[PDB]
Every structure is written in structure tokens, then in C-alpha cells.
Amino acid sequence: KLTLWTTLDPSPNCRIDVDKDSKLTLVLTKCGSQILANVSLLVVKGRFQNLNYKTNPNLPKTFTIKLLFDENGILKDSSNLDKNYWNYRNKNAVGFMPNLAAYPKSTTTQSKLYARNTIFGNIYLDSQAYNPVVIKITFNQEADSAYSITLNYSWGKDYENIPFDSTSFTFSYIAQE
Amino acid sequence: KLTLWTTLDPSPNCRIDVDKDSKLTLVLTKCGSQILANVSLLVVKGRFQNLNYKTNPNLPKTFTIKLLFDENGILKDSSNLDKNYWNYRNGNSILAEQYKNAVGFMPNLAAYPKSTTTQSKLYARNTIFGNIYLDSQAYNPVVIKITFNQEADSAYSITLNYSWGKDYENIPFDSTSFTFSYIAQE
Amino acid sequence: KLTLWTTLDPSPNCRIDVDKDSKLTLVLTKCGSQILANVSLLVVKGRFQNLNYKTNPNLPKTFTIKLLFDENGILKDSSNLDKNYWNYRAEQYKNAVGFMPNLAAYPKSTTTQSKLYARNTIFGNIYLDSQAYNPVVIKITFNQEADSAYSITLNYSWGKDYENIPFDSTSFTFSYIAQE
Ligand SMILES: CC(=O)N[C@H]1[C@H]([C@H](O)[C@H](O)CO)O[C@](O)(C(=O)O)C[C@@H]1O
Ligand SMILES: CC(=O)N[C@H]1[C@H]([C@H](O)[C@H](O)CO)O[C@](O)(C(=O)O)C[C@@H]1O
Ligand SMILES: CC(=O)N[C@H]1[C@H]([C@H](O)[C@H](O)CO)O[C@](O)(C(=O)O)C[C@@H]1O
């Protein structure tokens, strides 16, 4: 009842460009009014599996994984994460949603959120300190969802045959209730 | 699982230089012997609202927000944070009765000793460093230095020191969120 | 919300090169299926107490502290941390599998390969002597050690030619997925 997560099942569970090109491990543990979050990401196939900017000049240095939730905190099909790999550990989940007062949605006109809607972290590819990636977590940015967690990954380095196999990052956010 | 926080009320609640020039969002959630802390800061007016080191050569690149607590973990008036915006959680605002004991939320004095007469130099473990960012951009870093029990005329203290190196040009001091934990007094 | 930790007792409790050359402060607090961890490290004697790369050219810029656990989550004598300074918040405990890093989330290296998944690892920036300009990289790796059911490996490394800087680290918070 306490923890909402992606099962630890080894099989791919996430779409960046293409169905099942990635495995997201996301654990949301409710500790009162804060959610303790833990995230890692492995790309298993497609253009981001093996980064080589020396050989592929058209390769982006960013992708975005979105978790979209309805008014009851149910994950929506339009999410990048496959609905079938998201459940409580061994139903309503508003206690796990990012607080709308703390993290307001952008009025249609604006598009500009407060800064507090966002968390930045440094994560690393292939367990090496010298393969940094910036993870940008943004709450309630997506307009056609009551709640959202957006995971933006970006990097600067001209990586040469580095697998997108990320280290683990911990963060917290204020819970809706 | 009791939580001690600044209400989420949009109104300013904090003094850097001047009454109500800033809005601190601080949430302290007690998970047993550790406090899970979450902090963001917006400057709403004054010299730090909009940073421009090209146009204002006299502008510091640091300020300090202090939360000072008495022996009972009550926030003191001398704190930078307005006492009226600080209480236990009961929605998206605070409980009615202003609180009586919060020692369970205070930074442990054994883990984070106050500086003995002999030395004003604390142990390093009294301090947490984090990188936060202005205006949701990775290229506007600010160093947040959180220090416990550094202030001498208080039983307990949380000191939030903000500093940066870049000659920012028209960047609003509107910070991203940072999570940390510390060992609780009880 | 049971907590497993090193007592806050001021006495040294850890071996980097030599018995009691360091004091590790590690607090593992169980919040359901995640462990909330808090760590600081002070070196009290030996070659790493005071870093000077101008005066000592043979000094490494890394050391590793290992916590090794058996199938019941009991800390083993072969650990760098002294067994006597590790208990619930002194008659040693009996089961702590609820505090161990999950074997499904953080698999041990198959015989074939010593190469773990990246998710077994957490990187953090910590600082010596409470100064932003004395960075140290802490690399936390789970279940890397082959002769233990469970392990937490704390690798410390740095680049700067520090001149008379004490290895007195700031505090770092992380979490990991619990075995149960
Ligand atoms: C974990 C970490 O901070 N590693 C950093 C490494 C260093 O190898 C290390 O910090 C030295 O101790 O430098 C970078 O690659 C760099 O210069 O672009 C950034 C990267 O984030
Ligand atoms: C999250 C993070 O580490 N951000 C860092 C960024 C980005 O990494 C870089 O803009 C992408 O290439 O670099 C800095 O702006 C810089 O170089 O001065 C410092 C800042 O702390
Ligand atoms: C990010 C942080 O907290 N500390 C960083 C400091 C300070 O930002 C700087 O000394 C104050 O201006 O800069 C470095 O030493 C650097 O540029 O090589 C890296 C170090 O990680």
C-alpha cells in the first residue's frame, strides 16, 4: 500500500521513440506528505542504446519520458511508461501525486511554470563519473493530465560507444494529500 | 508521519534584506530518526529578485536565510522566516494551534554539535552542499550550503547559505527544488 | 520506522588502511520498500587525515570502505566498519534483511562478468572541511562483493592537488530499494 513502482521484472517497459526500447525503474515511497522517489533508466535498443556522436552526427543529446496521471492518480496509456508495469508493491493513488498547490499547472496563456516544479540531478552512464547526464524532473507541466511527472534527460559530451545505462538518483516531492 | 512546513500560500513569508522580499518553501517530514527535507526559494522584490552583475557592480553573490529554534524547537522571531508561515501540516496550509514541541524535527546535537567556546569551527558533517538552479535552467547553478547548529544564541539552527559564481544577466532568483535529510534530535 | 546505524559515539569505528583511522557515520532508516541513507566520514589519523599532494607525491586520491553482509543482513568482521559500532538505534542484532539492498534491483555479478548494471551505483558530490571548493566524489555500489550475500561499497576519489586539507566530509543523503 505504501509504495508505487515499476516491477523489478527485467523486461523492457518504456517507449522513448519506439515500444519497449527502454526499461525505467521508478519507485515512489510515501513518507507522510513527501514522496521519496528513486529512478534509473536503461535503453535496450534503438538509436540511444549506444551513443556515438563521432559516427552518428544526427543523434540528439536529449529525450523525454512522461508519466501522465488522471484525477485519481491512475497512469494513462498516453504515458511513455507501459501501464502494465506500474502498480503497488507486494486503485486510487492521489497520495502519490505531485501537490497542485506546490506545483501549479501552467495556465494555457503562460507555459512558464515556477522553478520549484523542477528538480535537477546529475546521473552517470555505465557507472563512470566521467559520463554525466542531467536529469530534469518537472511536475504538472503536461496540460491534458490532472498530474504529470516529466523526466527530461540531456547531456553535452560527444560520447563514443557509451551505453545509455544510468546510475540511480533519489529525490522527493510534496504529495497532493 | 508528522510534517513541519511553510504553508503553500503564495504570499511572501521570508526576509533576506527586507520584510517579505522572499518566499521560502521548506517541508520537514519526520521518517523515524531522519528528517526528509525539501526546499525551494523565490525572491519577489529587492536587489536579488533580478540578478544583473553587468548593470549592478555592488551586488553580492550570496545571502543567508537562518531558521533559529529554542530548546523546544519553536521558531524564533529573529529567524529570517516569518513565524506565522511555519506550523504542522493540515492540508495546503498549517494547523490552528501554533505548536508547543518540535524537538523531533531539530537537527541532532550529538551528530551536529554547536561550536565549543575554544573553536568557532564546526565539523564538516554539520553541513550539506547541493546544486540548485535559477529559472529551471541547468546553466544557472547556485550552491546551497545547509549548516546545522552553527548559530550561538539558539539551541538549534538550520542555516541556508546561497552563493554563486556566474555574472548572471537578468536572471530571476527563482530556484529549483532540492531534497536532503538530517539526523533528528529524538 | 526502525533505523540501523553507527552510534554517534565520537570514537573512531572504521579501517581504511589501519584499525580505527576513520569514523564513518552511516544511518539507514527504513521507509517501506526504500532505505533512506545518510553518510559522513572523518579520517582521524594515517596518510588520509591531512591531504597534501605538494609534500607527499605517493599519496593516492582514492580509498574504499566496504560493508559486507551475510544472508541475514548481519555485518561481517571482514567489513571496514567495526562490527561493535553497528546496531539498531550492545547485544548484536539477529535479522536486518529489510535494510539490505534488493538483489533483484541490484544483482550480484554473474561468474562470467564482474560488470554490474549502472543502477547498482549512486554518485554524489561531497566536500572536505565545509568548503564548496574541496569536492570529493562518493561512489556507492550495492552487491559488488562476491564473498557476501549483500554489500554496500563506499568509494571516495578526488582530482585536486589538495594542500593541508583534512578528510572531514560533508553529509550526503541517498536511498536504495530494500530486499523486503
Ligand atoms: C561525478 C562528477 O562530478 N564527475 C565529473 C567529472 C570528473 O571526472 C570528477 O568530478 C573529478 O573528481 O568531470 C566532468 O566529467 C567534466 O569535467 O566535464 C563532469 C563530471 O560530472
Ligand atoms: C546539472 C548540471 O550539472 N549543470 C551544469 C551545467 C550543464 O552541465 C551544461 O550547461 C550542459 O553542457 O554546466 C554548468 O553550467 C557550467 O558549465 O558552468 C554548471 C552547471 O552546474
Ligand atoms: C558544485 C559545488 O558545490 N562545488 C564546485 C566548486 C564551486 O562551485 C566553486 O568553487 C565556487 O564558485 O567549483 C569546482 O570546484 C570547479 O569549478 O572546479 C567544482 C566543485 O564541485
# chains A, B, ... in the order shown; residues from 1 in each chain; ligands from 1
>>> closest_atom_pairs(of="segment 107-153 of chain C", to="segment 34-41 of chain C", cutoff="12 Å", atoms="only C-alpha atoms", output="JSON lines")
{"residue": "C:122", "atom": "CA", "partner": "C:37", "partner_atom": "CA", "distance": 11.6}
{"residue": "C:124", "atom": "CA", "partner": "C:39", "partner_atom": "CA", "distance": 10.9}
{"residue": "C:125", "atom": "CA", "partner": "C:40", "partner_atom": "CA", "distance": 11.9}
{"residue": "C:126", "atom": "CA", "partner": "C:40", "partner_atom": "CA", "distance": 8.9}
{"residue": "C:127", "atom": "CA", "partner": "C:40", "partner_atom": "CA", "distance": 10.0}
{"residue": "C:128", "atom": "CA", "partner": "C:41", "partner_atom": "CA", "distance": 9.6}
{"residue": "C:129", "atom": "CA", "partner": "C:41", "partner_atom": "CA", "distance": 11.1}
{"residue": "C:130", "atom": "CA", "partner": "C:40", "partner_atom": "CA", "distance": 11.7}
{"residue": "C:136", "atom": "CA", "partner": "C:41", "partner_atom": "CA", "distance": 11.5}
{"residue": "C:138", "atom": "CA", "partner": "C:39", "partner_atom": "CA", "distance": 10.0}
{"residue": "C:139", "atom": "CA", "partner": "C:39", "partner_atom": "CA", "distance": 12.0}
{"residue": "C:140", "atom": "CA", "partner": "C:39", "partner_atom": "CA", "distance": 10.6}
{"residue": "C:152", "atom": "CA", "partner": "C:37", "partner_atom": "CA", "distance": 11.2}
>>> write_last_selection(atoms="C-alpha atoms", output="tab-separated table (two decimals), in the first residue's frame")
chain	number	residue	atom	x	y	z
C	122	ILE	CA	24.90	6.08	-6.87
C	124	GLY	CA	27.34	12.08	-5.11
C	125	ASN	CA	29.47	15.20	-4.69
C	126	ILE	CA	30.63	15.80	-1.10
C	127	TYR	CA	33.08	18.39	0.26
C	128	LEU	CA	36.02	18.47	2.72
C	129	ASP	CA	36.14	20.98	5.60
C	130	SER	CA	32.71	22.54	4.75
C	136	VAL	CA	35.17	14.60	-3.45
C	138	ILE	CA	31.39	9.36	-3.39
C	139	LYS	CA	30.54	6.25	-5.44
C	140	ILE	CA	28.08	3.93	-3.61
C	152	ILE	CA	27.42	-1.54	0.38
>>> residues_around(residues="residue 85 of chain B", least_positions_apart="3", cutoff="10 Å", atoms="only C-alpha atoms", output="ChimeraX atom specification")
/B:5-9,11-14,23-25,81-82,93-94
>>> residues_around(residues="residue 46 of chain C", least_positions_apart="5", cutoff="9 Å", atoms="only C-alpha atoms", output="ChimeraX atom specification")
/C:17-18,21-22
>>> atom_distance(atom1="atom CA of residue 169 of chain A", atom2="atom CA of residue 116 of chain C")
16.6 Å
>>> interface_residues(of="chain C", to="chain B", cutoff="12 Å", atoms="only C-alpha atoms", output="JSON list (two decimals) with N, CA and C atoms, in the first residue's frame")
[["chain", "number", "residue", "atom", "x", "y", "z"],
["C", 1, "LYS", "N", 9.37, 2.22, 11.77],
["C", 1, "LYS", "CA", 10.37, 3.06, 11.04],
["C", 1, "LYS", "C", 11.73, 2.85, 11.72],
["C", 2, "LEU", "N", 12.07, 1.57, 11.93],
["C", 2, "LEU", "CA", 13.33, 1.13, 12.59],
["C", 2, "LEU", "C", 14.57, 1.60, 11.77],
["C", 3, "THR", "N", 15.58, 2.04, 12.50],
["C", 3, "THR", "CA", 16.81, 2.66, 11.99],
["C", 3, "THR", "C", 18.01, 1.80, 12.39],
["C", 4, "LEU", "N", 18.87, 1.52, 11.43],
["C", 4, "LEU", "CA", 20.13, 0.76, 11.60],
["C", 4, "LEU", "C", 21.28, 1.75, 11.37],
["C", 5, "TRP", "N", 22.20, 1.91, 12.31],
["C", 5, "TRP", "CA", 23.23, 2.99, 12.23],
["C", 5, "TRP", "C", 24.50, 2.65, 12.99],
["C", 6, "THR", "N", 25.54, 3.43, 12.72],
["C", 6, "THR", "CA", 26.75, 3.59, 13.56],
["C", 6, "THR", "C", 26.37, 4.48, 14.72],
["C", 7, "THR", "N", 26.66, 4.13, 15.95],
["C", 7, "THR", "CA", 26.34, 5.03, 17.09],
["C", 7, "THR", "C", 26.96, 6.38, 16.77],
["C", 8, "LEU", "N", 26.53, 7.45, 17.43],
["C", 8, "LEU", "CA", 27.06, 8.82, 17.25],
["C", 8, "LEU", "C", 28.26, 9.05, 18.18],
["C", 9, "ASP", "N", 28.60, 8.04, 18.99],
["C", 9, "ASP", "CA", 29.82, 7.99, 19.84],
["C", 9, "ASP", "C", 30.99, 8.61, 19.07],
["C", 10, "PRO", "N", 31.74, 9.56, 19.69],
["C", 10, "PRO", "CA", 32.81, 10.29, 18.99],
["C", 10, "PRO", "C", 34.02, 9.44, 18.58],
["C", 23, "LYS", "N", 36.25, 7.56, 11.23],
["C", 23, "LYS", "CA", 34.91, 7.49, 11.87],
["C", 23, "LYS", "C", 33.84, 7.67, 10.78],
["C", 24, "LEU", "N", 33.18, 6.58, 10.42],
["C", 24, "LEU", "CA", 32.03, 6.56, 9.50],
["C", 24, "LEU", "C", 30.77, 6.81, 10.31],
["C", 25, "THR", "N", 29.95, 7.77, 9.89],
["C", 25, "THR", "CA", 28.58, 7.98, 10.40],
["C", 25, "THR", "C", 27.62, 7.59, 9.29],
["C", 26, "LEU", "N", 26.98, 6.43, 9.42],
["C", 26, "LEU", "CA", 26.01, 5.89, 8.43],
["C", 26, "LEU", "C", 24.71, 5.61, 9.16],
["C", 27, "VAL", "N", 23.62, 6.20, 8.67],
["C", 27, "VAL", "CA", 22.25, 5.98, 9.21],
["C", 27, "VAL", "C", 21.39, 5.43, 8.08],
["C", 28, "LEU", "N", 20.87, 4.22, 8.25],
["C", 28, "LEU", "CA", 19.91, 3.58, 7.33],
["C", 28, "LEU", "C", 18.55, 3.57, 8.01],
["C", 29, "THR", "N", 17.61, 4.36, 7.53],
["C", 29, "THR", "CA", 16.23, 4.43, 8.04],
["C", 29, "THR", "C", 15.30, 3.76, 7.02],
["C", 30, "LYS", "N", 14.56, 2.74, 7.46],
["C", 30, "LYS", "CA", 13.61, 2.00, 6.60],
["C", 30, "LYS", "C", 12.31, 2.79, 6.51],
["C", 31, "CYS", "N", 11.98, 3.28, 5.32],
["C", 31, "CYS", "CA", 10.65, 3.86, 4.97],
["C", 31, "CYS", "C", 9.99, 2.96, 3.92],
["C", 32, "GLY", "N", 9.31, 1.90, 4.37],
["C", 32, "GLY", "CA", 8.71, 0.90, 3.49],
["C", 32, "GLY", "C", 9.77, 0.19, 2.68],
["C", 34, "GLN", "N", 11.93, 1.40, 0.55],
["C", 34, "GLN", "CA", 13.19, 2.16, 0.34],
["C", 34, "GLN", "C", 13.90, 2.36, 1.68],
["C", 35, "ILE", "N", 15.22, 2.34, 1.66],
["C", 35, "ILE", "CA", 16.11, 2.74, 2.78],
["C", 35, "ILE", "C", 16.58, 4.16, 2.51],
["C", 36, "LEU", "N", 16.26, 5.08, 3.40],
["C", 36, "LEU", "CA", 16.79, 6.47, 3.41],
["C", 36, "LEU", "C", 18.14, 6.44, 4.14],
["C", 37, "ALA", "N", 19.22, 6.75, 3.45],
["C", 37, "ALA", "CA", 20.61, 6.64, 3.93],
["C", 37, "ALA", "C", 21.22, 8.03, 4.09],
["C", 38, "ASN", "N", 22.03, 8.22, 5.11],
["C", 38, "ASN", "CA", 22.75, 9.48, 5.41],
["C", 38, "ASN", "C", 24.16, 9.11, 5.84],
["C", 39, "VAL", "N", 25.17, 9.67, 5.20],
["C", 39, "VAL", "CA", 26.59, 9.27, 5.43],
["C", 39, "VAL", "C", 27.49, 10.51, 5.50],
["C", 40, "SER", "N", 28.43, 10.48, 6.44],
["C", 40, "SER", "CA", 29.58, 11.40, 6.56],
["C", 40, "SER", "C", 30.80, 10.57, 6.99],
["C", 41, "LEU", "N", 31.99, 11.07, 6.72],
["C", 41, "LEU", "CA", 33.25, 10.36, 7.03],
["C", 41, "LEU", "C", 34.29, 11.37, 7.48],
["C", 42, "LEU", "N", 34.92, 11.09, 8.62],
["C", 42, "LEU", "CA", 36.09, 11.81, 9.16],
["C", 42, "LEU", "C", 37.25, 10.82, 9.26],
["C", 43, "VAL", "N", 38.42, 11.19, 8.73],
["C", 43, "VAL", "CA", 39.69, 10.44, 8.94],
["C", 43, "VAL", "C", 40.43, 11.08, 10.12],
["C", 88, "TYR", "N", 20.82, -1.37, 15.80],
["C", 88, "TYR", "CA", 19.56, -0.60, 15.80],
["C", 88, "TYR", "C", 19.70, 0.56, 16.80],
["C", 89, "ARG", "N", 18.94, 1.64, 16.60],
["C", 89, "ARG", "CA", 19.01, 2.88, 17.44],
["C", 89, "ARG", "C", 18.17, 2.75, 18.72],
["C", 124, "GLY", "N", 27.60, 10.82, -5.82],
["C", 124, "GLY", "CA", 27.34, 12.08, -5.11],
["C", 124, "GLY", "C", 28.59, 12.93, -5.05],
["C", 125, "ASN", "N", 28.41, 14.24, -5.00],
["C", 125, "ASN", "CA", 29.47, 15.20, -4.69],
["C", 125, "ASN", "C", 29.38, 15.59, -3.22],
["C", 126, "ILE", "N", 30.46, 15.36, -2.49],
["C", 126, "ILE", "CA", 30.63, 15.80, -1.10],
["C", 126, "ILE", "C", 31.87, 16.68, -1.03],
["C", 127, "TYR", "N", 32.10, 17.30, 0.11],
["C", 127, "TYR", "CA", 33.08, 18.39, 0.26],
["C", 127, "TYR", "C", 33.84, 18.23, 1.57],
["C", 128, "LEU", "N", 35.13, 18.52, 1.54],
["C", 128, "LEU", "CA", 36.02, 18.47, 2.72],
["C", 128, "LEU", "C", 36.01, 19.83, 3.41],
["C", 129, "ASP", "N", 35.89, 19.81, 4.73],
["C", 129, "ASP", "CA", 36.14, 20.98, 5.60],
["C", 129, "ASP", "C", 35.10, 22.07, 5.32],
["C", 130, "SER", "N", 33.91, 21.67, 4.90],
["C", 130, "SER", "CA", 32.71, 22.54, 4.75],
["C", 130, "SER", "C", 32.94, 23.60, 3.67],
["C", 131, "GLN", "N", 33.78, 23.33, 2.67],
["C", 131, "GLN", "CA", 34.08, 24.29, 1.59],
["C", 131, "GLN", "C", 33.65, 23.71, 0.24],
["C", 132, "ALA", "N", 32.90, 24.51, -0.52],
["C", 132, "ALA", "CA", 32.39, 24.14, -1.85],
["C", 132, "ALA", "C", 33.56, 23.86, -2.80],
["C", 133, "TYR", "N", 34.76, 24.34, -2.51],
["C", 133, "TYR", "CA", 35.92, 24.24, -3.44],
["C", 133, "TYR", "C", 36.83, 23.05, -3.09],
["C", 134, "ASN", "N", 36.38, 22.15, -2.22],
["C", 134, "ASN", "CA", 37.08, 20.88, -1.91],
["C", 134, "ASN", "C", 36.19, 19.70, -2.27],
["C", 135, "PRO", "N", 35.83, 19.50, -3.55],
["C", 135, "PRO", "CA", 34.97, 18.40, -3.94],
["C", 135, "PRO", "C", 35.63, 17.04, -3.81],
["C", 136, "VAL", "N", 34.83, 16.06, -3.45],
["C", 136, "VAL", "CA", 35.17, 14.60, -3.45],
["C", 136, "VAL", "C", 33.98, 13.87, -4.06],
["C", 165, "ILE", "N", 44.50, 19.80, 3.52],
["C", 165, "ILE", "CA", 43.04, 19.73, 3.68],
["C", 165, "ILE", "C", 42.71, 18.49, 4.47],
["C", 166, "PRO", "N", 41.98, 18.60, 5.58],
["C", 166, "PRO", "CA", 41.60, 17.43, 6.36],
["C", 166, "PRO", "C", 40.49, 16.66, 5.62],
["C", 167, "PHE", "N", 40.57, 15.33, 5.56],
["C", 167, "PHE", "CA", 39.46, 14.50, 5.08],
["C", 167, "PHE", "C", 38.39, 14.47, 6.16],
["C", 168, "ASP", "N", 37.61, 15.54, 6.18],
["C", 168, "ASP", "CA", 36.45, 15.73, 7.08],
["C", 168, "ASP", "C", 35.27, 16.09, 6.18],
["C", 169, "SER", "N", 34.45, 15.11, 5.81],
["C", 169, "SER", "CA", 33.46, 15.22, 4.70],
["C", 169, "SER", "C", 32.14, 15.82, 5.19],
["C", 170, "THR", "N", 31.45, 16.53, 4.31],
["C", 170, "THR", "CA", 30.06, 16.96, 4.50],
["C", 170, "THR", "C", 29.14, 15.74, 4.38],
["C", 171, "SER", "N", 27.88, 15.93, 4.72],
["C", 171, "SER", "CA", 26.85, 14.86, 4.80],
["C", 171, "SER", "C", 26.16, 14.73, 3.45],
["C", 172, "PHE", "N", 25.83, 13.51, 3.07],
["C", 172, "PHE", "CA", 25.15, 13.16, 1.80],
["C", 172, "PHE", "C", 24.00, 12.19, 2.11],
["C", 173, "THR", "N", 22.85, 12.43, 1.49],
["C", 173, "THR", "CA", 21.64, 11.61, 1.59],
["C", 173, "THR", "C", 21.41, 10.87, 0.26],
["C", 174, "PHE", "N", 21.02, 9.61, 0.33],
["C", 174, "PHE", "CA", 20.61, 8.79, -0.83],
["C", 174, "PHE", "C", 19.57, 7.79, -0.35],
["C", 175, "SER", "N", 18.95, 7.07, -1.26],
["C", 175, "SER", "CA", 18.04, 5.96, -0.97],
["C", 175, "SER", "C", 18.39, 4.77, -1.87]]
>>> residues_near_ligand(ligand="ligand 1", cutoff="9 Å", atoms="only C-alpha atoms and all ligand atoms", output="PyMOL selection string")
(chain A and resi 122-124+128-133+156-157) or (chain C and resi 123-125+135-139+157-160)
>>> write_last_selection(atoms="N, CA and C atoms", output="compact mmCIF listing (two decimals), in the first residue's frame")
# COMPACT_ATOMS: atom_id res chain seq x y z
N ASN A 122 22.42 15.18 -11.34
CA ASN A 122 23.48 14.59 -12.17
C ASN A 122 23.44 13.08 -11.99
N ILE A 123 23.28 12.36 -13.08
CA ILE A 123 23.41 10.89 -13.14
C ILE A 123 24.51 10.54 -14.16
N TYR A 124 24.88 9.28 -14.23
CA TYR A 124 26.08 8.84 -14.95
C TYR A 124 25.78 7.56 -15.72
N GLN A 128 30.34 5.35 -14.52
CA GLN A 128 31.57 6.18 -14.60
C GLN A 128 31.26 7.64 -14.33
N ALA A 129 32.01 8.25 -13.43
CA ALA A 129 31.90 9.65 -13.01
C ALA A 129 32.09 10.57 -14.23
N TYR A 130 32.73 10.11 -15.30
CA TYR A 130 33.11 10.97 -16.44
C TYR A 130 32.10 10.84 -17.59
N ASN A 131 30.94 10.23 -17.34
CA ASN A 131 29.81 10.16 -18.30
C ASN A 131 28.58 10.82 -17.69
N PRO A 132 28.63 12.14 -17.38
CA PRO A 132 27.49 12.81 -16.78
C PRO A 132 26.30 12.96 -17.75
N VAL A 133 25.11 12.87 -17.19
CA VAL A 133 23.82 13.17 -17.84
C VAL A 133 23.00 13.99 -16.85
N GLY A 156 25.98 16.90 -22.74
CA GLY A 156 26.81 17.77 -23.59
C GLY A 156 27.90 17.00 -24.34
N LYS A 157 28.43 15.93 -23.74
CA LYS A 157 29.66 15.26 -24.23
C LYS A 157 29.38 14.54 -25.54
N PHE C 123 26.19 8.05 -7.50
CA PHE C 123 27.27 9.05 -7.42
C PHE C 123 26.75 10.26 -6.66
N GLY C 124 27.60 10.82 -5.82
CA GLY C 124 27.34 12.08 -5.11
C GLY C 124 28.59 12.93 -5.05
N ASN C 125 28.41 14.24 -5.00
CA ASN C 125 29.47 15.20 -4.69
C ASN C 125 29.38 15.59 -3.22
N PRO C 135 35.83 19.50 -3.55
CA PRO C 135 34.97 18.40 -3.94
C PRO C 135 35.63 17.04 -3.81
N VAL C 136 34.83 16.06 -3.45
CA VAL C 136 35.17 14.60 -3.45
C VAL C 136 33.98 13.87 -4.06
N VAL C 137 34.23 12.89 -4.92
CA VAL C 137 33.17 12.03 -5.50
C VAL C 137 32.98 10.82 -4.59
N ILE C 138 31.77 10.62 -4.09
CA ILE C 138 31.39 9.36 -3.39
C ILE C 138 30.64 8.47 -4.37
N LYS C 139 31.13 7.27 -4.57
CA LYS C 139 30.54 6.25 -5.44
C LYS C 139 30.05 5.10 -4.56
N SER C 157 36.92 9.30 -4.10
CA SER C 157 38.00 9.73 -5.02
C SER C 157 37.91 11.23 -5.27
N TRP C 158 39.01 11.84 -5.68
CA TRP C 158 39.10 13.29 -5.95
C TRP C 158 40.21 13.56 -6.96
N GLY C 159 40.20 14.74 -7.58
CA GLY C 159 41.17 15.15 -8.60
C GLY C 159 42.15 16.19 -8.09
N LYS C 160 41.75 17.06 -7.17
CA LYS C 160 42.54 18.27 -6.81
C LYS C 160 43.80 17.87 -6.05
>>> select_by_dssp(residues="segment 1-134 of chain B", states="helix (DSSP H, G or I)", output="ChimeraX atom specification")
/B:83-85,103-105,124-126
>>> closest_residue(among="C:16, C:44, C:148, C:76", to="residue 109 of chain C", atoms="only C-alpha atoms")
C:148
>>> residues_near_ligand(ligand="ligand 2", cutoff="7 Å", atoms="only C-alpha atoms and all ligand atoms", output="MDAnalysis selection string")
(chainID A and resid 120:122 134 155:156) or (chainID B and resid 131 138:141)
>>> write_last_selection(atoms="C-alpha atoms", output="PDB file, in the first residue's frame")
ATOM      1  CA  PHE A 120      17.835  18.830 -11.419  1.00  0.00           C
ATOM      2  CA  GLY A 121      20.196  15.918 -10.800  1.00  0.00           C
ATOM      3  CA  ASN A 122      23.480  14.588 -12.170  1.00  0.00           C
ATOM      4  CA  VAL A 134      21.442  15.884 -16.488  1.00  0.00           C
ATOM      5  CA  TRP A 155      23.998  15.705 -21.979  1.00  0.00           C
ATOM      6  CA  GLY A 156      26.807  17.772 -23.594  1.00  0.00           C
TER       7      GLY A 156
ATOM      8  CA  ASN B 131      23.466  22.399  -6.591  1.00  0.00           C
ATOM      9  CA  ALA B 138      20.798  23.714 -15.939  1.00  0.00           C
ATOM     10  CA  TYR B 139      23.163  26.637 -16.843  1.00  0.00           C
ATOM     11  CA  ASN B 140      22.140  28.871 -13.860  1.00  0.00           C
ATOM     12  CA  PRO B 141      23.760  26.976 -10.946  1.00  0.00           C
TER      13      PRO B 141
END
>>> select_by_dssp(residues="segment 82-164 of chain B", states="strand (DSSP E)", output="list in words")
residues 86, 87, 88, 127, 128, 129, 130, 131, 132, 133, 141, 142, 143, 144, 145, 146, 147, 148, 156, 157, 158, 159, 160, 161, 162 and 163 of chain B
>>> residues_around(residues="residue 45 of chain B", least_positions_apart="5", cutoff="12 Å", atoms="only C-alpha atoms", output="number ranges by chain")
B: 12, 14-23, 50-51, 172-174
>>> residues_around(residues="residue 102 of chain C", least_positions_apart="6", cutoff="10 Å", atoms="only C-alpha atoms", output="list in words")
residues 8 of chain A; 33, 34, 120, 142, 143, 150, 176, 177, 178, 179 and 180 of chain C
>>> write_last_selection(atoms="N, CA and C atoms", output="tab-separated table (two decimals), in the first residue's frame")
chain	number	residue	atom	x	y	z
A	8	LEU	N	10.28	-4.98	-10.77
A	8	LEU	CA	11.75	-5.13	-10.97
A	8	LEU	C	12.01	-6.17	-12.08
C	33	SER	N	9.63	0.23	1.36
C	33	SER	CA	10.43	-0.55	0.38
C	33	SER	C	11.70	0.21	-0.01
C	34	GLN	N	11.93	1.40	0.55
C	34	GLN	CA	13.19	2.16	0.34
C	34	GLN	C	13.90	2.36	1.68
C	120	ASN	N	23.03	-0.27	-9.87
C	120	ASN	CA	23.70	-0.75	-8.64
C	120	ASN	C	24.48	0.40	-7.99
C	142	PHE	N	26.11	-1.27	-4.72
C	142	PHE	CA	25.40	-2.35	-4.00
C	142	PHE	C	25.73	-3.70	-4.63
C	143	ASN	N	26.11	-4.67	-3.78
C	143	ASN	CA	26.15	-6.12	-4.09
C	143	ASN	C	27.24	-6.39	-5.14
C	150	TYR	N	25.12	-9.75	0.51
C	150	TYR	CA	24.82	-8.32	0.31
C	150	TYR	C	26.08	-7.49	0.57
C	176	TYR	N	17.95	3.59	-1.48
C	176	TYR	CA	18.03	2.36	-2.30
C	176	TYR	C	16.83	1.47	-1.98
C	177	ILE	N	16.52	0.57	-2.91
C	177	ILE	CA	15.38	-0.36	-2.83
C	177	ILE	C	15.76	-1.48	-1.86
C	178	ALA	N	14.88	-1.76	-0.89
C	178	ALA	CA	15.09	-2.74	0.19
C	178	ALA	C	14.76	-4.15	-0.31
C	179	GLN	N	15.48	-5.15	0.19
C	179	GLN	CA	15.31	-6.57	-0.19
C	179	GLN	C	13.90	-7.05	0.19
C	180	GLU	N	13.36	-6.58	1.32
C	180	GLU	CA	11.96	-6.86	1.74
C	180	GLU	C	11.48	-5.74	2.68
>>> interface_residues(of="chain B", to="chain A", cutoff="9 Å", atoms="only C-alpha atoms", output="MDAnalysis selection string")
chainID B and resid 1:3 8:10 25 27:31 36:42 89 91:92 131:138 174:180
>>> residues_around(residues="residue 64 of chain C", least_positions_apart="6", cutoff="9 Å", atoms="only C-alpha atoms", output="NGL selection string")
:C and (16 or 80 or 153-157)
>>> residues_around(residues="residue 21 of chain A", least_positions_apart="6", cutoff="6 Å", atoms="only C-alpha atoms", output="list in words")
residues 15, 43, 44 and 45 of chain A
